[PDB]
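Structure first, then comments.
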Amino acid sequence: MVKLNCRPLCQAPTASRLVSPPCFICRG
Amino acid sequence: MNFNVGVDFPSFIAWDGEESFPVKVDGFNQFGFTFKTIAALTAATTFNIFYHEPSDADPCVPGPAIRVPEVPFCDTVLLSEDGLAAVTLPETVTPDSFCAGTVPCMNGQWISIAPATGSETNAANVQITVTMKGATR
Amino acid sequence: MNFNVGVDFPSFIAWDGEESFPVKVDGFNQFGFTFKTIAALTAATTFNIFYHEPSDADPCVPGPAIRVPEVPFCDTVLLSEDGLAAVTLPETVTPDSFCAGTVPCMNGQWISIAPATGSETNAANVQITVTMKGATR
Amino acid sequence: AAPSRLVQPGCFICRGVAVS
Amino acid sequence: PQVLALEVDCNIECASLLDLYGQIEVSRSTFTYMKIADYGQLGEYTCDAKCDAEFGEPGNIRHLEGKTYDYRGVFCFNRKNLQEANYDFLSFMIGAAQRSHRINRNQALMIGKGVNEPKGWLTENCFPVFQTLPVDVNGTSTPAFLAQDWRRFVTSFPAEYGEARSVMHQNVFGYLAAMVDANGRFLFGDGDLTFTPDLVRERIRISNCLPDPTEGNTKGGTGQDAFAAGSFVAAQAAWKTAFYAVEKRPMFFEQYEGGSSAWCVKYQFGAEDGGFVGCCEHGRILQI
Amino acid sequence: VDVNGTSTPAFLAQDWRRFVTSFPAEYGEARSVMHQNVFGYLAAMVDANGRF
Amino acid sequence: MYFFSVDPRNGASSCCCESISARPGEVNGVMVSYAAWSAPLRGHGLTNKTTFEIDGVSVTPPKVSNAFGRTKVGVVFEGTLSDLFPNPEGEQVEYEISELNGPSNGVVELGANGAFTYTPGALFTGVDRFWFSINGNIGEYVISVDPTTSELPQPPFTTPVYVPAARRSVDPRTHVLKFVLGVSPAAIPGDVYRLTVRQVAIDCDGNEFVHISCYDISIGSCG
């Protein structure tokens with residue numbers, strides 16, 4: 001009974017936008 | 001500063017994708033496999049493990065290929081049907097990532113891996129290798 | 001009671017006898033080779049050592065093959081007439097005995113072995129693998 | 001040293017509603 | 001013919017990002033430490049009236065290690081002008097080497113590249129990087145950096161990782177303090193000619209050898225002054241656990257008898273040190 | 001809230017101050033919970049000109 | 001190493017240009033001492049803004065044409081060596097691969113009749129040259145091994161006389177300009193070329209002082 005344990009070798013970057021609350025706009 | 005670590009844990013080939021090579025594990029007392037993929041697989045890939053004996057005629061050539069039995073450690077519920085050791089490289093294992101397994105109880109003096117039947121199609125993309133641990137000469 | 005020596009010093013194939021392979025050595029800090037012959041050699045064979053660099057198109061695939069320079073320590077007197085590191089398996093190495101060696105200074109992310117010209121029909125009878133040491137990340 | 005400019009941020013307000 | 005004692009030099013260091021990183025000291029040049037990959041799941045919400053249990057799935061514990069890299073150099077003299085000089089080159093050169101060590105170490109620890117240099121956290125590129133939106137102007141879609149981003153960035157740090165500082169080139173901070181609203185009032189420090197709060201309380205350590213997106217303080221950005229999207233702006237990380245800096249031996253200086261050919265007295269210096277990135281989840285990078 | 005043409009939904013600071021102080025008074029003390037990101041979505045809000 | 005002290009343009013002190021002998025195959029180095037001309041113009045010395053140009057005043061156009069090929073890494077390359085030498089008369093062709101100018105990262109087993117096989121060295125990606133010789137006529141054959149993905153560019157077929165891209169250096173503290181002057185193995189003895197050097201000085205404020213001189217390269221055999 002063998003059990004394996006692999007792991008990646010090279011990592012990948014992590015990009016993500018940073019959207020912020022929008023320009024205040026009146027509901028009328 | 002890197003150390004000449006071939007002595008004190010050497011490594012040998014065991015399945016280059018076309019042929020198994022028995023690796024002598026007598027002079028050492030610990031060993032393990034380090035799988036590695038060369039291209040994306042198609043489905044699960046299963047390998048059988050074999051152990052050899054010193055040949056009857058010559059005592060430094062391996063004998064026939066005997067299938068090593070398998071042992072559980074409390075938590076085995078799969079319990080391979082015919083009680084014979086086997087390893088299954090799971091599907092969706094990318095390249096640039098290696099899995100490393102090892103049979104618990106050693107027996108014989110040469111060990112070998114072979115692609116189990118029905119799985120030798122996409123087994124040409126794996127390359128198992130062995131690394132021993134600690135000379136006992 | 002043998003351990004899963006795979007993790008904590010894994011190993012990969014670097015020269016299966018027909019074509020070379022680049023093996024990534026960034027994730028680890030120390031590494032070395034383990035030569036092994038499958039059939040008797042006919043003359044001294046020489047291999048060249050190459051290091052790669054991360055390709056600009058993708059940093060997880062090795063770029064072109066540069067050749068690693070040669071570093072003398074103190075005792076060195078041969079200097080191999082080229083300042084480009086190389087190994088040379090001597091004649092009379094029976095194919096049940098391994099030989100270990102490594103470069104004193106790594107550079108780049110990858111490492112590769114290939115037979116130098118002249119000894120390309122003997123290298124078909126040898127096997128070269130690389131085993132690393134502790135993982136940095 | 002050659003005269004370098006000193007461009008400062010303008011009136012920056014909005015990121016989601018273009019004007020008519 | 002009235003030689004003074006004035007020694008106008010006019011050169012700068014950076015600040016130092018060294019008192020931030022967690023410090024560890026090693027004697028041997030090869031250390032090793034453990035890491036907890038994941039505790040894993042253990043035990044489910046089993047039903048009742050079931051004389052049984054489930055083994056769950058055990059965790060994982062890796063065992064890592066890292067080296068220490070050395071840093072050395074050489075500088076010689078002529079021994080003839082060193083006897084007639086009205087000064088002391090040696091004590092100047094000794095200082096002129098440590099200055100080269102301090103600035104090379106700190107820089108490498110940031111942007112070091114793999115082999116025989118500690119991998120800096122910039123090039124490691126495993127800190128999650130947050131990039132900001134572009135803005136509109138007269139139809140054009142120039143990239144920009146509004147104060148709205150900076151607050152959103154600093155606050156978005158996970159609260160349970162701890163307290164985390166921020167690092168940025170002072171030209172970015174100069175860019176922040178000088179923003180104006182629609183009318184023309186300042187955003188920070190309304191009507192006092194200068195905005196300068198105690199950085200220590202706002203958790204902003206400042207430096208001068210980070211990528212500095214405002215190129216020589218000349219790219220505020222409305223036309224051809226856009227920030228050239230893809231530039232580093234600031235970083236934020238719980239440094240006492242995100243990055244470690246190891247130390248083995250401080251600098252030394254040793255005469256080299258041999259190689260000194262009775263003309264050229266040749267000194268030698270070196271030092272050993274290193275660093276490595278710890279858990280690179282604590283820590284994020286802001287980008288244009 | 002209306003944007004140029006379409007009807008993208010949104011959530012304004014005024015929509016939060018109107019929700020909290022709209023809890024039936026005769027229920028005792030009542031706190032509120034939210035993911036950290038939502039709190040970091042009221043801090044960085046801008047009025048007409050440029051003000052937080 | 002050659003050395004020329006340039007005239008300082010003071011209205012004071014056979015052909016015009018200086019004399020430079022060259023041998024087919026050599027790669028030499030030249031030094032020019034602009035001191036006599038730049039020292040009076042006390043400024044910030046010289047600036048690395050020198051410009052070279054090579055013209056031919058006697059060519060004797062080449063008999064045998066050059067050629068070019070391509071191959072992927074590790075793959076052998078075959079080619080012909082006969083369609084490059086259009087011969088006017090009818091005679092025999094004794095092809096030869098000069099040992100002093102063989103390839104640098106492979107081997108070439110020249111067949112008997114204008115055929116050859118080029119096996120590139122293991123794990124090698126770049127460009128590789130070797131200079132054949134048909135009936136004494138010398139021409140180069142360039143092979144570019146591609147790294148198996150797409151392609152490499154097409155190199156520019158080095159001229160008979162050339163100055164390398166960037167091996168020049170100018171010392172502003174002693175007003176001395178150095179560069180490298182290489183001569184192809186295909187240069188034909190007796191031919192003459194002309195190298196004109198345009199070197200730029202600079203004043204204390206940032207203007208220019210140009211200076212032009214020429215040299216006559218004479219391709220002679222046996223140095």
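The way I read the labels, and the way they are meant: chains A, B, ... in the order of the structure tokens, residue 1 as the first residue of every chain, and ligand 1 as the first ligand shown, with later ones counted on from there.
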Quick one: residues within 8 Å of range 211-224 of chain E, only C-alpha atoms counted, chain neighbours fewer than 2 positions away excluded, as a PyMOL selection string?
(chain D and resi 4-10) or (chain E and resi 137+142+144+168-169+171-172+175+208-209+226-227+231-233)
Please, could you write that set of residues out with N, CA and C atoms as a CSV table (one decimal), in the first residue's frame?
```csv
chain,number,residue,atom,x,y,z
D,4,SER,N,13.7,70.0,-15.4
D,4,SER,CA,12.7,69.0,-15.5
D,4,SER,C,11.3,69.5,-15.1
D,5,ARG,N,10.3,68.9,-15.7
D,5,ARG,CA,8.9,69.4,-15.4
D,5,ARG,C,8.5,68.8,-14.0
D,6,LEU,N,7.3,69.3,-13.6
D,6,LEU,CA,6.8,69.0,-12.2
D,6,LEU,C,5.4,68.6,-12.3
D,7,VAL,N,5.0,67.7,-13.2
D,7,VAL,CA,3.6,67.4,-13.5
D,7,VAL,C,3.0,66.8,-12.2
D,8,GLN,N,2.0,67.4,-11.8
D,8,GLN,CA,1.2,67.1,-10.6
D,8,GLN,C,-0.2,66.5,-11.0
D,9,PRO,N,-0.8,65.8,-10.1
D,9,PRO,CA,-2.1,65.2,-10.5
D,9,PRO,C,-3.2,66.3,-10.7
D,10,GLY,N,-3.9,66.1,-11.8
D,10,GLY,CA,-5.0,67.1,-12.1
D,10,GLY,C,-6.2,66.8,-11.2
E,137,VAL,N,-10.3,60.4,-19.5
E,137,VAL,CA,-10.1,61.8,-19.7
E,137,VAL,C,-10.2,62.1,-21.2
E,142,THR,N,-6.4,56.8,-19.9
E,142,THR,CA,-5.1,56.8,-19.2
E,142,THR,C,-5.2,56.1,-17.9
E,144,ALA,N,-4.2,55.6,-14.0
E,144,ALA,CA,-4.0,56.6,-12.9
E,144,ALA,C,-4.0,55.9,-11.6
E,168,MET,N,6.9,52.4,0.4
E,168,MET,CA,6.8,53.0,-0.9
E,168,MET,C,7.8,54.1,-1.0
E,169,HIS,N,8.2,54.4,-2.3
E,169,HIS,CA,9.2,55.5,-2.5
E,169,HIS,C,8.5,56.8,-2.2
E,171,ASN,N,8.4,59.6,-3.4
E,171,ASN,CA,7.7,60.4,-4.4
E,171,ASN,C,6.3,60.0,-4.5
E,172,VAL,N,5.9,58.7,-4.2
E,172,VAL,CA,4.5,58.3,-4.2
E,172,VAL,C,3.8,59.1,-3.1
E,175,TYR,N,3.1,62.4,-4.1
E,175,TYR,CA,2.0,62.4,-5.0
E,175,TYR,C,0.7,62.4,-4.3
E,208,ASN,N,13.7,54.9,-0.5
E,208,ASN,CA,14.1,55.6,-1.7
E,208,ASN,C,14.7,54.7,-2.8
E,209,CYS,N,14.8,53.4,-2.6
E,209,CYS,CA,15.2,52.5,-3.7
E,209,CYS,C,14.2,51.4,-3.9
E,226,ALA,N,1.2,59.6,-18.4
E,226,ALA,CA,0.6,58.5,-17.7
E,226,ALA,C,1.6,57.5,-17.1
E,227,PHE,N,1.1,56.9,-16.0
E,227,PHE,CA,2.0,56.1,-15.2
E,227,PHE,C,2.7,54.9,-15.8
E,231,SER,N,3.6,49.3,-13.3
E,231,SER,CA,4.7,49.8,-12.5
E,231,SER,C,4.4,49.6,-11.0
E,232,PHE,N,5.4,49.3,-10.3
E,232,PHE,CA,5.2,49.1,-8.8
E,232,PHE,C,4.9,50.4,-8.2
E,233,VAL,N,4.0,50.4,-7.2
E,233,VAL,CA,3.7,51.6,-6.5
E,233,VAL,C,4.0,51.5,-5.0
```
Write out as number ranges by chain which residues come within 8 Å of residue 39 in chain B when counting only C-alpha atoms, dropping same-chain ones fewer than 6 positions away.
B: 94-95, 125
Polymer residues at most 6 Å from residue 45 in chain C, only C-alpha atoms, same-chain spacing of 2 or more positions, as a list in words
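My reading of the contact set: residues 88, 89 and 119 of chain C.
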Suppose we keep N, CA, C and O atoms; can you now write the selection as a PDB file, in the first residue's frame?
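For reference, out.pdb as written:
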```
ATOM      1  N   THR C  88      33.774  13.077 -17.531  1.00  0.00           N
ATOM      2  CA  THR C  88      34.347  12.051 -18.399  1.00  0.00           C
ATOM      3  C   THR C  88      34.369  10.715 -17.669  1.00  0.00           C
ATOM      4  O   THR C  88      35.222  10.480 -16.808  1.00  0.00           O
ATOM      5  N   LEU C  89      33.430   9.849 -18.010  1.00  0.00           N
ATOM      6  CA  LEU C  89      33.419   8.503 -17.467  1.00  0.00           C
ATOM      7  C   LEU C  89      34.643   7.751 -17.964  1.00  0.00           C
ATOM      8  O   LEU C  89      34.779   7.539 -19.178  1.00  0.00           O
ATOM      9  N   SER C 119      32.032  10.915 -28.608  1.00  0.00           N
ATOM     10  CA  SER C 119      31.566   9.847 -27.733  1.00  0.00           C
ATOM     11  C   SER C 119      30.045   9.765 -27.723  1.00  0.00           C
ATOM     12  O   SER C 119      29.422   9.598 -26.675  1.00  0.00           O
TER      13      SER C 119
END
```
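In this structure, the chain C residues at most 10 Å away from chain G are residues 19, 20, 47, 48, 50, 63, 64, 65, 66, 67, 112, 113, 114, 115, 116, 117 and 120 of chain C, with only C-alpha atoms considered.
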I need the chosen residues saved as a JSON list (two decimals), in the first residue's frame, with N, CA, C and O atoms.
```json
[["chain", "number", "residue", "atom", "x", "y", "z"],
["C", 19, "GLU", "N", 18.07, 10.72, -25.55],
["C", 19, "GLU", "CA", 17.85, 12.16, -25.60],
["C", 19, "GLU", "C", 17.95, 12.73, -24.20],
["C", 19, "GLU", "O", 17.64, 12.06, -23.21],
["C", 20, "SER", "N", 18.39, 13.98, -24.12],
["C", 20, "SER", "CA", 18.61, 14.63, -22.84],
["C", 20, "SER", "C", 17.30, 15.16, -22.28],
["C", 20, "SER", "O", 16.23, 15.02, -22.87],
["C", 47, "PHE", "N", 30.79, 14.03, -21.36],
["C", 47, "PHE", "CA", 29.52, 14.74, -21.44],
["C", 47, "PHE", "C", 29.73, 16.22, -21.15],
["C", 47, "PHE", "O", 30.59, 16.58, -20.33],
["C", 48, "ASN", "N", 28.96, 17.06, -21.81],
["C", 48, "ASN", "CA", 28.96, 18.48, -21.54],
["C", 48, "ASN", "C", 27.82, 18.84, -20.61],
["C", 48, "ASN", "O", 26.74, 18.24, -20.66],
["C", 50, "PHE", "N", 25.19, 21.74, -19.21],
["C", 50, "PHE", "CA", 24.53, 22.96, -19.66],
["C", 50, "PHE", "C", 23.55, 23.44, -18.60],
["C", 50, "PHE", "O", 22.94, 22.64, -17.89],
["C", 63, "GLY", "N", 14.66, 28.22, -21.40],
["C", 63, "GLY", "CA", 15.03, 28.85, -22.64],
["C", 63, "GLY", "C", 16.12, 28.09, -23.36],
["C", 63, "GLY", "O", 16.16, 26.86, -23.35],
["C", 64, "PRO", "N", 17.04, 28.81, -23.99],
["C", 64, "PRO", "CA", 18.14, 28.16, -24.71],
["C", 64, "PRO", "C", 19.15, 27.59, -23.73],
["C", 64, "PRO", "O", 19.12, 27.86, -22.53],
["C", 65, "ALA", "N", 20.06, 26.79, -24.27],
["C", 65, "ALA", "CA", 21.02, 26.04, -23.47],
["C", 65, "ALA", "C", 22.37, 26.74, -23.51],
["C", 65, "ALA", "O", 23.06, 26.72, -24.53],
["C", 66, "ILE", "N", 22.74, 27.35, -22.40],
["C", 66, "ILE", "CA", 24.08, 27.90, -22.24],
["C", 66, "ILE", "C", 24.94, 26.85, -21.56],
["C", 66, "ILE", "O", 24.44, 25.95, -20.88],
["C", 67, "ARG", "N", 26.25, 26.96, -21.73],
["C", 67, "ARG", "CA", 27.18, 25.99, -21.17],
["C", 67, "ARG", "C", 27.83, 26.56, -19.92],
["C", 67, "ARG", "O", 28.33, 27.69, -19.93],
["C", 112, "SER", "N", 21.44, 20.47, -17.44],
["C", 112, "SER", "CA", 21.28, 19.47, -18.48],
["C", 112, "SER", "C", 22.62, 18.82, -18.79],
["C", 112, "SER", "O", 23.67, 19.44, -18.63],
["C", 113, "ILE", "N", 22.56, 17.57, -19.25],
["C", 113, "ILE", "CA", 23.73, 16.81, -19.66],
["C", 113, "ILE", "C", 23.50, 16.31, -21.08],
["C", 113, "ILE", "O", 22.38, 15.95, -21.44],
["C", 114, "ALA", "N", 24.57, 16.30, -21.88],
["C", 114, "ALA", "CA", 24.49, 15.77, -23.23],
["C", 114, "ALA", "C", 25.87, 15.25, -23.61],
["C", 114, "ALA", "O", 26.87, 15.78, -23.12],
["C", 115, "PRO", "N", 25.95, 14.24, -24.46],
["C", 115, "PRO", "CA", 27.26, 13.68, -24.80],
["C", 115, "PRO", "C", 28.04, 14.61, -25.70],
["C", 115, "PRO", "O", 27.53, 15.11, -26.70],
["C", 116, "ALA", "N", 29.30, 14.83, -25.34],
["C", 116, "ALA", "CA", 30.18, 15.63, -26.18],
["C", 116, "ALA", "C", 30.50, 14.87, -27.46],
["C", 116, "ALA", "O", 30.40, 13.64, -27.52],
["C", 117, "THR", "N", 30.89, 15.61, -28.49],
["C", 117, "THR", "CA", 31.14, 15.01, -29.79],
["C", 117, "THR", "C", 32.29, 14.01, -29.70],
["C", 117, "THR", "O", 33.23, 14.18, -28.93],
["C", 120, "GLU", "N", 29.43, 9.88, -28.90],
["C", 120, "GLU", "CA", 27.98, 9.87, -29.00],
["C", 120, "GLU", "C", 27.41, 8.48, -29.23],
["C", 120, "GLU", "O", 26.20, 8.29, -29.04]]
```
Could you name the residues that touch residue 177 in chain G at 12 Å or less, counting only C-alpha atoms, but leaving out those on the same chain fewer than 2 positions away, as a PyMOL selection string?
chain G and resi 2-6+29-35+38+45-51+167-175+179-180+197-201
Set the distance at 12 Å and use only C-alpha atoms: which residues neighbour residue 9 in chain E once local chain neighbours fewer than 2 positions away are removed? I'd like the list as a PyMOL selection string.
chain E and resi 6-7+11-12+92+96
Please write the residues from the selection above to a file, keeping C-alpha atoms, as an mmCIF file, in the first residue's frame.
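Ended up saving to out18.cif:
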```
data_model
loop_
_atom_site.group_PDB
_atom_site.id
_atom_site.type_symbol
_atom_site.label_atom_id
_atom_site.label_comp_id
_atom_site.auth_asym_id
_atom_site.auth_seq_id
_atom_site.Cartn_x
_atom_site.Cartn_y
_atom_site.Cartn_z
ATOM 1 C CA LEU E 6 36.528 70.126 3.979
ATOM 2 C CA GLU E 7 35.517 66.789 2.446
ATOM 3 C CA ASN E 11 26.279 60.852 -1.928
ATOM 4 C CA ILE E 12 23.267 59.105 -0.445
ATOM 5 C CA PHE E 92 38.215 55.858 3.658
ATOM 6 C CA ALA E 96 33.767 52.838 1.132
#
```
Do a neighbour search on residue 280 in chain E at 8 Å with only C-alpha atoms, toss out local chain neighbours closer than 5 positions, and write the hits as a list in words.
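The filter keeps residues 126, 127, 242 and 243 of chain E.
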Write to file, as a PDB file, in the first residue's frame, the residues of the selection just made, with C-alpha atoms.
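Saved file result_37.pdb follows:
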```pdb
ATOM      1  CA  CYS E 126       4.347  35.154  -5.001  1.00  0.00           C
ATOM      2  CA  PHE E 127       3.032  38.123  -3.070  1.00  0.00           C
ATOM      3  CA  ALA E 242       6.550  37.340   5.625  1.00  0.00           C
ATOM      4  CA  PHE E 243      10.309  37.554   5.080  1.00  0.00           C
TER       5      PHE E 243
END
```
